[PDB]
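Please note: Cβ atoms are built from the backbone with ideal geometry, for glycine as well, and neighbour counts cover all protein chains shown. Every read-out reported here was derived from the displayed coordinates using simple, explicitly stated rules and does not represent laboratory data.
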Ligand SMILES: O=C1CCCC(=O)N1
Ligand SMILES: [Zn+2]
């Protein structure tokens, strides 16, 4: 139970080892302006995504960070967001936990 793959297609995305406690916890439950609730797990690093558009600071859940939508690079499923432009760390990923599948390396 140590790597996270895309739930829809199996693309390798991240590792348990790369979980990042932002503000004291790797899990953040949040809502967007359309009222969709996401349970976000923060990772310092990820792979197999495709980051879309240019970063935006609008409604950022994490102070001082701008976001870009992160899709699965294989299937296009929306897996979370890349955050940049902040400090300690400058960048990280916030991935939607129920859109990933955890399993053996
Ligand atoms: O409200 C939102 C949607 C996109 C990601 C974020 O930080 N905030
Ligand atoms: Zn996928």
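Scanning for something away from ligand 1 (no atom under 15 Å from the Cβ), out of contact with any strand residue (DSSP E or B) (no Cβ under 7 Å at 6 or more places or on another chain) and without any contact (Cβ under 8 Å) to a residue 12 or more places away in the chain, does region 49-65 turn up at least one residue? Even if it seems obvious, please write down each step before you answer.
Pass one, region 49-65, residues away from ligand 1 (no atom under 15 Å from the Cβ): 50.
From the residues that got through so far, the ones that are out of contact with any strand residue (DSSP E or B) (no Cβ under 7 Å at 6 or more places or on another chain) too are none.
Within region 49-65, not a single residue is away from ligand 1 (no atom under 15 Å from the Cβ), out of contact with any strand residue (DSSP E or B) (no Cβ under 7 Å at 6 or more places or on another chain) and without any contact (Cβ under 8 Å) to a residue 12 or more places away in the chain.
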How many residues, within region 11-27, are more than 15 Å from residue 61 (Cα to Cα) and in contact with a strand residue (DSSP E or B) (Cβ under 8 Å, 6 or more places away or on another chain)? 9
May I ask you to verify whether residue 52 is within 11 Å of the chain's Cα centre (by Cα) and not in a loop (DSSP other than H, G, I, E, B)? no
Scan region 88-97 and tell me whether some residue there is more than 14 Å from ligand 1 (Cβ to nearest atom), crowded, with 16+ Cβ neighbours inside 10 Å and over 9 Å from the mean Cα position of the chain (by Cα). no
What are the pairs with Cβ atoms under 9 angstrom where one residue, in region 21-35, is touching a residue at least 40 places away in the same chain (Cβ under 8 Å) and the other, located anywhere, is surrounded by 12 or more Cβ atoms within 10 Å (Cβ to Cβ) and in a loop (DSSP other than H, G, I, E, B)? Sequence gap at least six, or different chains. 22/62; 22/89; 28/61; 28/62
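Based on this model, can you work out whether residue 38 counts as more than 14 Å from ligand 2 (Cβ to nearest atom), more than 11 Å from residue 93 (Cα to Cα) and in contact with a helix residue (DSSP H, G or I) (Cβ under 9 Å, 6 or more places away or on another chain)? Explain how you work it out, then say what you get.
Values: more than 14 Å from ligand 2 (Cβ to nearest atom): yes; more than 11 Å from residue 93 (Cα to Cα): yes; in contact with a helix residue (DSSP H, G or I) (Cβ under 9 Å, 6 or more places away or on another chain): yes.
So residue 38 passes the test.
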Please enumerate the residues belonging to region 84-105 that are more than 14 Å from residue 18 (Cβ to Cβ) and either touching a helix residue (DSSP H, G or I) at 6+ places or on another chain (Cβ under 9 Å) or without any contact (Cβ under 8 Å) to a residue 24 or more places away in the chain (or both). 87, 88, 90
In region 39-49, what count of residues is obtained for those that are over 17 Å from residue 23 (Cα atoms) and part of a strand (DSSP E or B)? 1
Of the residues in region 28-48, those that are closer than 18 Å to residue 58 by Cβ and surrounded by fewer than 15 Cβ atoms within 10 Å (Cβ to Cβ) come to 30, 31, 32, 33, 34, 35, 36
